[PDB]
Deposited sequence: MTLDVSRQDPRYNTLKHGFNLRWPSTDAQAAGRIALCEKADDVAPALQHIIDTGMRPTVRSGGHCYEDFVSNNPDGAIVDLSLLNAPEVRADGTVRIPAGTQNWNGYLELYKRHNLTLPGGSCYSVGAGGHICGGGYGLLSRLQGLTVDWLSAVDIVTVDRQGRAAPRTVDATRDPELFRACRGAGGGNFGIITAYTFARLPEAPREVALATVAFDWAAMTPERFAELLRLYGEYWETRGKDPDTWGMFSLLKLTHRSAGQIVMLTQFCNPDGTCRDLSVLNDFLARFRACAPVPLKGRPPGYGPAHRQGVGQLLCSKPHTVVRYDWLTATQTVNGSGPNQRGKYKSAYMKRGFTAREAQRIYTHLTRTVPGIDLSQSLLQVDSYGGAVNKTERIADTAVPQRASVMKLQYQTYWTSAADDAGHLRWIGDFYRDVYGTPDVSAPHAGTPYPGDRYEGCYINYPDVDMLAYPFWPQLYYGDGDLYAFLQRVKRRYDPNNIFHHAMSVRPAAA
């Protein structure tokens, strides 16, 4: 372990992660970062921190949207980012240590055994937060969530007597903690050192990437509603069919100041080839090219899968971000389409909303296996679209404008009629929505006493997680603004 305290030249860099908002103040910053050099460092590093009464937060790839890692006033960040070399065995079993970044992981899994894991696209996201939060990406309609493949988890927990020790959890060993590690989100129960997979799916051989853009200059409320109708009605119907599960679409409903709305679709057949583009052609044909809604000319480019996966792996700039999430079981209502149009066309004097957007992901397919409700901590297994509201900016001086823009936008979309008065402002689970995604955490939801039901559903999961919390972190060593409460 390397100790990076405030005397160390690395401190100013290592006190933060990807989102430059955190820590908000120097007072809130960690006093030190414990950079673990091997898995065997983790329990002793943790033991040293808690033995002094200091609080640990936990970092792997640093991508947390919220202050969960970096807001730890004069505490210790236990950093597992150097624990990054996957083990891909000749028998196809895989171990992904927590610091493995998504793209490095895809390269290793692909080259060593023609395997992949259906997680996120961003190159720099770490396994540690990503997988236990229920990570998904462009292959998840085909192959399900990252957590749907997990066979075992190596985790350091702290017992009632305050002793940190490694354990391995799986279907028969601490099975309730295993289930919690399959989606509940990080920084809750202990420090995951590695994820084990008895089997992974084969990497696809070939994909097509289709880009369809729409000029904002021509985008009326009616054309915008037609775009949302065509897209959402597809995922609610045809997109449930298995022959479509290799198709994954990102509709970037940009703020008007971005100039264009962009839809990026990846496609393979279920067998991982592009032997038949019919499903993609049929999907794209719903979006008529100009040369009433009409698009810029469609671009469809074929790649081998690894090459496409590299070309889409960007993380965007290192800057300030605010994010929100919603799971949709249905197409857009006319009221949703109108409220979204309102906020995407709203001018806010003194701030640049050109990087801001509502992203609407195709969802469901192989995710939507109800047997995973009982053995994972991802209860949202009936959604057809997954939404990520995003605003990005450079300067702390502009925080208030950006937070207000995205806060008002979200509250309005999920307001009265489509949502009950008691839950208004949230995509509360029911006939229309399935709530929120813990890997896109939103501390604005702490304003609502029912925030745990947004993330963990209206059923018994949160109480289950509270029981795991009492059993495996009885001292509440591991916490943050949205951690499972004892």
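Novice: Show which contiguous pieces of the deposited sequence have no C-alpha coordinates, counting from residue 1.
Specialist: Going by the record, the segments left unmodelled (no C-alpha atoms) fall at 1, 293-313, 509-511.
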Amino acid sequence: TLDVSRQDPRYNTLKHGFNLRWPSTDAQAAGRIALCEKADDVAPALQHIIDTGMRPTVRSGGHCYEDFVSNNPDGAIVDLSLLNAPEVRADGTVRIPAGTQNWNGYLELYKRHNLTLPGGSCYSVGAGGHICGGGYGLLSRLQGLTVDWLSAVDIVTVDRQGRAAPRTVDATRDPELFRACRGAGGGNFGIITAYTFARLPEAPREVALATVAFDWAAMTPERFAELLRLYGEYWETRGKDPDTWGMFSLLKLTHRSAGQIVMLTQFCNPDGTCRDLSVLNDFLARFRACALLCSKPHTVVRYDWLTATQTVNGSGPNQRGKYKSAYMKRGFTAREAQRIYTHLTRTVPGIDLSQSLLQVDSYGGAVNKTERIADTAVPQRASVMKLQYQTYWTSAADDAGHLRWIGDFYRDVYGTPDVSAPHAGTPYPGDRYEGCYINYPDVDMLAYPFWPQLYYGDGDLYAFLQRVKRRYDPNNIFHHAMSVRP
From here on, numbers count along this sequence of modelled residues.
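Novice: Test of understanding: from the entry's C-alpha B-factors, which stretch has the higher mean, 328-336 or 150-158?
Specialist: Higher mean C-alpha B-factor: 328-336.
Novice: Which has higher Cα B-factors on average according to the PDB entry: 444-452 or 54-62?
Specialist: Looking at the recorded C-alpha B-factors, 444-452 comes out higher on average.
Novice: For the listed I33, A39, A29, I438, which has the peak Cα B-factor recorded in the PDB entry?
Specialist: The record points to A39.
Novice: From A213, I77, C268, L145, pick the one with the largest CA B-factor in the entry?
Specialist: Among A213, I77, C268, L145, the highest C-alpha B-factor in the entry belongs to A213.
Novice: Within this chain, which third does the Cα B-factor at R485 fall in: lowest, middle or highest?
Specialist: According to the entry, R485 has a C-alpha B-factor in the chain's highest third.
Novice: Comparing against every modelled residue in the chain, figure out the third that the C-alpha B-factor of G17 lands in (lowest, middle or highest).
Specialist: According to the entry, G17 has a C-alpha B-factor in the chain's lowest third.
Novice: Is the Cα B-factor recorded for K469 in the lowest, middle or highest third of its chain?
Specialist: CA B-factor rank for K469: middle third.
Novice: Divide the modelled residues of the chain into thirds by Cα B-factor and specify which third, lowest, middle or highest, holds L251.
Specialist: For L251, whose C-alpha B-factor we compare with every modelled residue in the chain, the answer is the middle third.
Novice: By its CA B factor, does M219 count among the lowest, middle or highest third of the modelled residues in the chain?
Specialist: Highest third.
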